[PDB]
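J.: Here's a structure for you.
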Amino acid sequence: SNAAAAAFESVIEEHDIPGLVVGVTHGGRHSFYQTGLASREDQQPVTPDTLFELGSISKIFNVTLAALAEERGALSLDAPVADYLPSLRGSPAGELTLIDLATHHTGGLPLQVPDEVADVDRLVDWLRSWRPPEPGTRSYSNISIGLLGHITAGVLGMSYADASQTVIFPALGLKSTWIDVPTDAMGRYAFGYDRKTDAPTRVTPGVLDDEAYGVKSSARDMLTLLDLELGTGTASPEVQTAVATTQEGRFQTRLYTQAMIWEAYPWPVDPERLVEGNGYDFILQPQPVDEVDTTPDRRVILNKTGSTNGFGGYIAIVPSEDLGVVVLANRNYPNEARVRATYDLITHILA
């Protein structure tokens with residue numbers, strides 16, 4: 001019952017992680033390991049109910065909502081973007097499909113919304129004259145996943161915030177997951193700690209922030225989400241189907257199978273392949289992909305990193321083992337460290 005402490009003891013000291021939580025779900029049984037402070041100043045400890053910034057892990061909720069919108073007939077994940085942003089008809093961006101957005105299959109975009117773009121309408125104009133340098137390649141970007149959330153919310157008739165908080169979060173059974181944290185919950189909201197200055201920090205506003213990286217959640221709520229991703233949760237047939245839609249293999253990269261935001265590796269894996277697949281050389285440049293309808297192996301591990309300036313997160317699920325792990329820290333620390341420590345914890349659990 002002490003496996004998570006041993007697995008993360010090294011990274012906590014190598015990167016001075018002020019607070020960290022590890023939730024594990026295995027055969028439906030939830031366990032948590034908590035250590036350190038959510039806030040240094042008032043010495044609030046981390047608990048399973050401390051809220052952390054999820055960063056890119058927010059994109060999981062995004063694609064689930066798009067899949068749930070498809071289950072309801074509000075959109076089709078195969079339609080072109082131009083069906084929903086009609087000023088983009090005839091342009092390369094308007095001929096991307098919603099699936100292309102969910103899988104980064106765009107041919108090359110900057111990771112961040114350009115500094116010069118002031119809002120989402122201006123971003124749509126910017127996309128109209130964008131030309132992918134390497135058509136057909138995978139290119140990890142907030143721009144494309146953010147646009148999909150904007151499209152989905154538009155099809156539902158409400159802000160992406162209201163789509164998250166009144167549609168997908170309740171459908172998933174979550175009670176401590178927010179785009180906008182309410183007054184009664186702000187005391188639970190951890191401070192982040194900047195890598196360089198060690199100064200307290202919190203995500204700052206930005207174009208498509210809600211849609212791409214604006215979710216805050218707790219370890220306890222994330223285990224509820226992972227039980228649903230493992231197929232062993234309580235949800236309507238809609239949501240069970242939407243969850244499964246987001247894990248289907250869509251494209252094959254050199255190192256893993258790209259699903260909707262989920263990235264799926266064979267199980268068992270060489271952890272070095274998990275490290276490289278989550279390394280910057282792979283993340284920040286276009287990669288060639290082969291189209292395919294499934295993963296090469298029928299036993300897989302699916303993972304997702306997520307960071308803000310002050311936070312470092314990671315989730316992994318092994319469905320053939322009914323195993324799910326979430327690791328949330330209020331220090332942004334390297335992807336390689338999250339992978340190796342989580343892979344170490346998983347091997348101990350299954351030993």
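Starting from 1 in every chain, residues are counted up; chains themselves are A, B, ... following the order of the structure tokens, and ligands are numbered from 1 as listed.
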Assign secondary structure with DSSP using the backbone only, and return the residues of region 204-325 of chain A in helix (DSSP H, G or I) as an NGL selection string.

T.: :A and (209-213 or 219-229 or 237-247 or 271-277 or 280-283 or 319-321)

J.: Quick one: everything within 9 Å of residue 263 (chain A), counting only C-alpha atoms, minus sequence neighbours fewer than 5 positions away in the same chain. Send it as a list in words.

T.: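 Near residue 263 (chain A), the qualifying residues are residues 247, 249, 256, 257, 258, 301, 302, 303 and 304 of chain A.
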
J.: What's around residue 87 (chain A) at 12 Å? Count only C-alpha atoms, leave out sequence neighbours fewer than 2 positions away in its own chain, and write the answer as a PyMOL selection string.

T.: chain A and resi 81-85+89-95+121-129

J.: Deliver the residues from the most recent selection as a file, using N, CA, C and O atoms, as a PDB file, in the first residue's frame.

T.:
ATOM      1  N   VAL A  81     -14.705  20.805 -41.223  1.00  0.00           N
ATOM      2  CA  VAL A  81     -14.806  22.008 -40.398  1.00  0.00           C
ATOM      3  C   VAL A  81     -15.698  23.050 -41.066  1.00  0.00           C
ATOM      4  O   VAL A  81     -16.491  23.735 -40.400  1.00  0.00           O
ATOM      5  N   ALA A  82     -15.593  23.178 -42.390  1.00  0.00           N
ATOM      6  CA  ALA A  82     -16.365  24.180 -43.117  1.00  0.00           C
ATOM      7  C   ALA A  82     -17.875  23.996 -42.954  1.00  0.00           C
ATOM      8  O   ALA A  82     -18.618  24.974 -43.086  1.00  0.00           O
ATOM      9  N   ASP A  83     -18.353  22.781 -42.664  1.00  0.00           N
ATOM     10  CA  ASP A  83     -19.777  22.643 -42.356  1.00  0.00           C
ATOM     11  C   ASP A  83     -20.189  23.461 -41.135  1.00  0.00           C
ATOM     12  O   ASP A  83     -21.372  23.792 -40.993  1.00  0.00           O
ATOM     13  N   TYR A  84     -19.250  23.803 -40.254  1.00  0.00           N
ATOM     14  CA  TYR A  84     -19.572  24.521 -39.029  1.00  0.00           C
ATOM     15  C   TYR A  84     -18.974  25.918 -38.963  1.00  0.00           C
ATOM     16  O   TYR A  84     -19.575  26.799 -38.351  1.00  0.00           O
ATOM     17  N   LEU A  85     -17.829  26.151 -39.609  1.00  0.00           N
ATOM     18  CA  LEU A  85     -17.263  27.486 -39.793  1.00  0.00           C
ATOM     19  C   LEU A  85     -17.297  27.799 -41.283  1.00  0.00           C
ATOM     20  O   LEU A  85     -16.309  27.562 -41.998  1.00  0.00           O
ATOM     21  N   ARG A  89     -14.879  27.532 -45.974  1.00  0.00           N
ATOM     22  CA  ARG A  89     -15.126  26.640 -47.098  1.00  0.00           C
ATOM     23  C   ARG A  89     -14.117  26.920 -48.203  1.00  0.00           C
ATOM     24  O   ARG A  89     -13.843  28.077 -48.529  1.00  0.00           O
ATOM     25  N   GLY A  90     -13.543  25.860 -48.761  1.00  0.00           N
ATOM     26  CA  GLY A  90     -12.570  25.983 -49.826  1.00  0.00           C
ATOM     27  C   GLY A  90     -11.133  26.096 -49.366  1.00  0.00           C
ATOM     28  O   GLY A  90     -10.223  25.948 -50.186  1.00  0.00           O
ATOM     29  N   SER A  91     -10.899  26.320 -48.071  1.00  0.00           N
ATOM     30  CA  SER A  91      -9.559  26.473 -47.525  1.00  0.00           C
ATOM     31  C   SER A  91      -9.080  25.154 -46.944  1.00  0.00           C
ATOM     32  O   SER A  91      -9.890  24.291 -46.594  1.00  0.00           O
ATOM     33  N   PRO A  92      -7.764  24.949 -46.855  1.00  0.00           N
ATOM     34  CA  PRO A  92      -7.274  23.715 -46.215  1.00  0.00           C
ATOM     35  C   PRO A  92      -7.823  23.501 -44.809  1.00  0.00           C
ATOM     36  O   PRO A  92      -8.159  22.364 -44.463  1.00  0.00           O
ATOM     37  N   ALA A  93      -7.946  24.562 -43.998  1.00  0.00           N
ATOM     38  CA  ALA A  93      -8.477  24.409 -42.644  1.00  0.00           C
ATOM     39  C   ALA A  93      -9.937  23.975 -42.659  1.00  0.00           C
ATOM     40  O   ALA A  93     -10.353  23.136 -41.848  1.00  0.00           O
ATOM     41  N   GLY A  94     -10.738  24.551 -43.558  1.00  0.00           N
ATOM     42  CA  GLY A  94     -12.133  24.159 -43.658  1.00  0.00           C
ATOM     43  C   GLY A  94     -12.344  22.768 -44.218  1.00  0.00           C
ATOM     44  O   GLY A  94     -13.440  22.220 -44.080  1.00  0.00           O
ATOM     45  N   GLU A  95     -11.320  22.179 -44.833  1.00  0.00           N
ATOM     46  CA  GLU A  95     -11.417  20.812 -45.331  1.00  0.00           C
ATOM     47  C   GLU A  95     -10.853  19.781 -44.361  1.00  0.00           C
ATOM     48  O   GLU A  95     -10.999  18.576 -44.605  1.00  0.00           O
ATOM     49  N   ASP A 121     -12.663  34.692 -33.315  1.00  0.00           N
ATOM     50  CA  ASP A 121     -13.046  35.131 -34.653  1.00  0.00           C
ATOM     51  C   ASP A 121     -11.815  35.483 -35.481  1.00  0.00           C
ATOM     52  O   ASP A 121     -11.723  35.118 -36.660  1.00  0.00           O
ATOM     53  N   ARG A 122     -10.862  36.201 -34.882  1.00  0.00           N
ATOM     54  CA  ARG A 122      -9.619  36.500 -35.578  1.00  0.00           C
ATOM     55  C   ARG A 122      -8.827  35.237 -35.871  1.00  0.00           C
ATOM     56  O   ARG A 122      -8.093  35.187 -36.866  1.00  0.00           O
ATOM     57  N   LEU A 123      -8.957  34.210 -35.021  1.00  0.00           N
ATOM     58  CA  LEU A 123      -8.243  32.964 -35.268  1.00  0.00           C
ATOM     59  C   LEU A 123      -8.833  32.231 -36.459  1.00  0.00           C
ATOM     60  O   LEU A 123      -8.092  31.656 -37.266  1.00  0.00           O
ATOM     61  N   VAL A 124     -10.163  32.263 -36.597  1.00  0.00           N
ATOM     62  CA  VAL A 124     -10.809  31.715 -37.786  1.00  0.00           C
ATOM     63  C   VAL A 124     -10.318  32.428 -39.048  1.00  0.00           C
ATOM     64  O   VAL A 124     -10.056  31.784 -40.065  1.00  0.00           O
ATOM     65  N   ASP A 125     -10.177  33.760 -39.009  1.00  0.00           N
ATOM     66  CA  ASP A 125      -9.637  34.459 -40.179  1.00  0.00           C
ATOM     67  C   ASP A 125      -8.211  34.001 -40.470  1.00  0.00           C
ATOM     68  O   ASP A 125      -7.834  33.800 -41.631  1.00  0.00           O
ATOM     69  N   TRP A 126      -7.404  33.857 -39.417  1.00  0.00           N
ATOM     70  CA  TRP A 126      -6.027  33.418 -39.565  1.00  0.00           C
ATOM     71  C   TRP A 126      -5.967  32.041 -40.204  1.00  0.00           C
ATOM     72  O   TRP A 126      -5.140  31.794 -41.090  1.00  0.00           O
ATOM     73  N   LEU A 127      -6.848  31.130 -39.768  1.00  0.00           N
ATOM     74  CA  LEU A 127      -6.890  29.793 -40.352  1.00  0.00           C
ATOM     75  C   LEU A 127      -7.272  29.828 -41.829  1.00  0.00           C
ATOM     76  O   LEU A 127      -6.819  28.976 -42.602  1.00  0.00           O
ATOM     77  N   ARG A 128      -8.076  30.809 -42.251  1.00  0.00           N
ATOM     78  CA  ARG A 128      -8.493  30.843 -43.652  1.00  0.00           C
ATOM     79  C   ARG A 128      -7.301  30.928 -44.601  1.00  0.00           C
ATOM     80  O   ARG A 128      -7.310  30.311 -45.672  1.00  0.00           O
ATOM     81  N   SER A 129      -6.260  31.675 -44.240  1.00  0.00           N
ATOM     82  CA  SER A 129      -5.110  31.789 -45.133  1.00  0.00           C
ATOM     83  C   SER A 129      -3.931  30.924 -44.697  1.00  0.00           C
ATOM     84  O   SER A 129      -2.842  31.040 -45.276  1.00  0.00           O
TER      85      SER A 129
END

J.: Contacts of residue 10 (chain A) at 10 Å or less, counting only C-alpha atoms, minus same-chain residues fewer than 5 places along, as an NGL selection string?

T.: :A and (5 or 15-16 or 337 or 341)

J.: Now that the selection is made, can you save its residues with N, CA and C atoms as an mmCIF file, in the first residue's frame?

T.:
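Here's the written file selection25.cif:
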data_model
loop_
_atom_site.group_PDB
_atom_site.id
_atom_site.type_symbol
_atom_site.label_atom_id
_atom_site.label_comp_id
_atom_site.auth_asym_id
_atom_site.auth_seq_id
_atom_site.Cartn_x
_atom_site.Cartn_y
_atom_site.Cartn_z
ATOM 1 N N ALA A 5 4.434 5.931 -3.060
ATOM 2 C CA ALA A 5 5.429 6.764 -2.389
ATOM 3 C C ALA A 5 6.836 6.433 -2.871
ATOM 4 N N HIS A 15 12.884 17.628 -8.335
ATOM 5 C CA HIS A 15 12.238 18.808 -8.889
ATOM 6 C C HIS A 15 11.505 19.618 -7.837
ATOM 7 N N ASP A 16 11.727 19.329 -6.559
ATOM 8 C CA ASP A 16 11.145 20.100 -5.467
ATOM 9 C C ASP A 16 9.647 20.313 -5.698
ATOM 10 N N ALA A 337 9.961 12.128 -16.527
ATOM 11 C CA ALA A 337 9.837 11.781 -15.116
ATOM 12 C C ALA A 337 8.433 11.269 -14.777
ATOM 13 N N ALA A 341 8.096 7.206 -13.522
ATOM 14 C CA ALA A 341 7.555 6.955 -12.189
ATOM 15 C C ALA A 341 6.195 6.268 -12.262
#

J.: Rank A:250, A:195, A:220, A:59 by their smallest atom-to-atom distance to residue 312 (chain A), using only C-alpha atoms, and report the top residue only.

T.: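 Closest residue, counting only C-alpha atoms: A:195.
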
J.: For each of A:67, A:230, A:179, A:109, take the minimum atom-to-atom distance to residue 212 (chain A), counting only C-alpha atoms, then give the residue where this is smallest.

T.: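 For residue 212 (chain A), the nearest of the candidates is A:179.
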
J.: Which polymer residues have any atom within 7 Å of an atom of region 130-140 of chain A, counting only C-alpha atoms, with same-chain residues fewer than 6 positions away left out, as JSON, numbers by chain?

T.: {"A": [92, 104, 105, 106, 107, 108, 109, 111, 283, 284, 285, 286, 287, 288, 289]}

J.: For a quick check of understanding, using only C-alpha atoms, which of A:141, A:234, A:44, A:35 has the smallest distance to residue 8 (chain A)?

T.: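 Smallest separation from residue 8 (chain A) among the options: A:35.
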
J.: Using only C-alpha atoms, pick whichever of A:147, A:292, A:181, A:113 has the shortest atom-to-atom distance to residue 63 (chain A).

T.: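 Among the listed residues, the smallest separation from residue 63 (chain A) belongs to A:147.
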
J.: Could you tell me how far CA of residue 51 (chain A) lies from CA of residue 226 (chain A), in Å and to one decimal?

T.: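 Straight-line distance from CA of residue 51 (chain A) to CA of residue 226 (chain A) works out to 16.5 Å.
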
J.: Where does DSSP see strand (DSSP E or B) in region 73-283 of chain A, if you list the residues as a PyMOL selection string?

T.: chain A and resi 80+97+105+138+178+189+192-193+200-201+216-218+251-252+257-258+263-266

J.: In Å, how far is it from CA of residue 112 (chain A) to CA of residue 144 (chain A)?

T.: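 These atoms are spaced 9.9 Å apart.
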
J.: When you look at region 36-38 of chain A with a cut-off of 12 Å (counting only C-alpha atoms), what residues show up, excluding the ones that are within fewer than 6 positions of it in the same chain? I need them as a ChimeraX atom specification.

T.: /A:5,9,12-13,16-21,44-53,186-193,200-201,218,310-311,328-331

J.: I need the residues from that last selection saved to file as a short mmCIF file (atom, residue, chain, number, x, y, z; two decimals), in the first residue's frame (with N, CA and C atoms), if you can.

T.:
data_model
loop_
_atom_site.label_atom_id
_atom_site.label_comp_id
_atom_site.auth_asym_id
_atom_site.auth_seq_id
_atom_site.Cartn_x
_atom_site.Cartn_y
_atom_site.Cartn_z
N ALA A 5 4.43 5.93 -3.06
CA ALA A 5 5.43 6.76 -2.39
C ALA A 5 6.84 6.43 -2.87
N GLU A 9 9.19 9.16 -4.93
CA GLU A 9 10.11 9.78 -3.99
C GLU A 9 11.25 10.52 -4.69
N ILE A 12 10.07 13.78 -6.70
CA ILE A 12 9.62 14.85 -5.80
C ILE A 12 10.82 15.66 -5.32
N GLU A 13 11.94 15.00 -5.06
CA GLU A 13 13.12 15.70 -4.59
C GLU A 13 13.96 16.28 -5.72
N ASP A 16 11.73 19.33 -6.56
CA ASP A 16 11.15 20.10 -5.47
C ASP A 16 9.65 20.31 -5.70
N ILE A 17 8.95 19.19 -5.86
CA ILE A 17 7.51 19.20 -6.09
C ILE A 17 6.83 19.53 -4.77
N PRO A 18 6.17 20.69 -4.64
CA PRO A 18 5.60 21.04 -3.33
C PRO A 18 4.47 20.12 -2.92
N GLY A 19 3.62 19.71 -3.85
CA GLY A 19 2.52 18.83 -3.52
C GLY A 19 2.24 17.90 -4.67
N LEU A 20 1.79 16.69 -4.34
CA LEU A 20 1.57 15.66 -5.34
C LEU A 20 0.51 14.69 -4.83
N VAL A 21 -0.35 14.22 -5.73
CA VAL A 21 -1.33 13.19 -5.40
C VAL A 21 -1.32 12.15 -6.51
N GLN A 44 -1.70 24.58 3.37
CA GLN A 44 -2.80 23.70 3.05
C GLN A 44 -2.25 22.43 2.41
N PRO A 45 -2.53 21.25 2.96
CA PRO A 45 -2.01 20.01 2.36
C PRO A 45 -2.79 19.58 1.13
N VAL A 46 -2.12 18.80 0.29
CA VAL A 46 -2.79 18.12 -0.81
C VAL A 46 -3.70 17.03 -0.24
N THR A 47 -4.91 16.92 -0.77
CA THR A 47 -5.82 15.82 -0.48
C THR A 47 -6.35 15.26 -1.79
N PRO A 48 -7.11 14.16 -1.75
CA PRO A 48 -7.80 13.70 -2.97
C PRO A 48 -8.79 14.72 -3.53
N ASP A 49 -9.12 15.78 -2.78
CA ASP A 49 -10.08 16.78 -3.22
C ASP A 49 -9.43 18.09 -3.63
N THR A 50 -8.11 18.22 -3.47
CA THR A 50 -7.39 19.38 -3.99
C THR A 50 -7.58 19.49 -5.50
N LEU A 51 -7.88 20.70 -5.98
CA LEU A 51 -8.00 20.97 -7.41
C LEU A 51 -6.64 21.32 -8.01
N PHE A 52 -6.31 20.68 -9.12
CA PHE A 52 -5.12 21.00 -9.90
C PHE A 52 -5.52 21.44 -11.30
N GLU A 53 -4.63 22.20 -11.94
CA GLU A 53 -4.79 22.54 -13.34
C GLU A 53 -4.40 21.34 -14.19
N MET A 186 -12.91 27.53 -4.19
CA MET A 186 -11.62 28.20 -4.40
C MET A 186 -10.60 27.87 -3.31
N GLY A 187 -11.05 27.59 -2.09
CA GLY A 187 -10.13 27.18 -1.05
C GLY A 187 -9.39 25.89 -1.36
N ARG A 188 -9.99 25.02 -2.18
CA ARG A 188 -9.36 23.76 -2.58
C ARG A 188 -8.41 23.90 -3.77
N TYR A 189 -8.38 25.06 -4.41
CA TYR A 189 -7.63 25.25 -5.65
C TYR A 189 -6.15 25.42 -5.31
N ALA A 190 -5.32 24.44 -5.68
CA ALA A 190 -3.90 24.49 -5.35
C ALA A 190 -3.22 25.68 -6.04
N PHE A 191 -2.16 26.19 -5.41
CA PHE A 191 -1.27 27.11 -6.11
C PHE A 191 -0.26 26.31 -6.93
N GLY A 192 0.07 26.80 -8.11
CA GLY A 192 1.20 26.27 -8.84
C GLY A 192 2.49 26.97 -8.45
N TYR A 193 3.63 26.35 -8.76
CA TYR A 193 4.91 26.93 -8.41
C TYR A 193 5.82 26.91 -9.62
N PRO A 200 4.37 31.58 -6.75
CA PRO A 200 3.04 30.98 -6.95
C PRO A 200 2.45 31.41 -8.29
N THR A 201 1.74 30.50 -8.94
CA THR A 201 1.25 30.82 -10.27
C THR A 201 -0.07 30.10 -10.54
N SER A 218 -9.89 17.27 -9.40
CA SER A 218 -9.27 16.65 -8.25
C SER A 218 -8.94 15.19 -8.57
N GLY A 310 2.36 26.16 -13.82
CA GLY A 310 2.63 25.72 -12.47
C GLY A 310 2.30 24.28 -12.13
N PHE A 311 1.84 23.50 -13.10
CA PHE A 311 1.28 22.18 -12.81
C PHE A 311 1.79 21.14 -13.79
N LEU A 328 -1.10 14.08 -10.19
CA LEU A 328 -1.28 15.52 -10.26
C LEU A 328 -0.29 16.19 -9.31
N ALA A 329 0.45 17.18 -9.82
CA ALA A 329 1.47 17.87 -9.04
C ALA A 329 1.37 19.36 -9.31
N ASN A 330 1.61 20.16 -8.28
CA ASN A 330 1.66 21.60 -8.50
C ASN A 330 3.08 22.07 -8.73
N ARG A 331 3.82 21.30 -9.53
CA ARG A 331 5.03 21.76 -10.19
C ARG A 331 5.05 21.14 -11.57
#
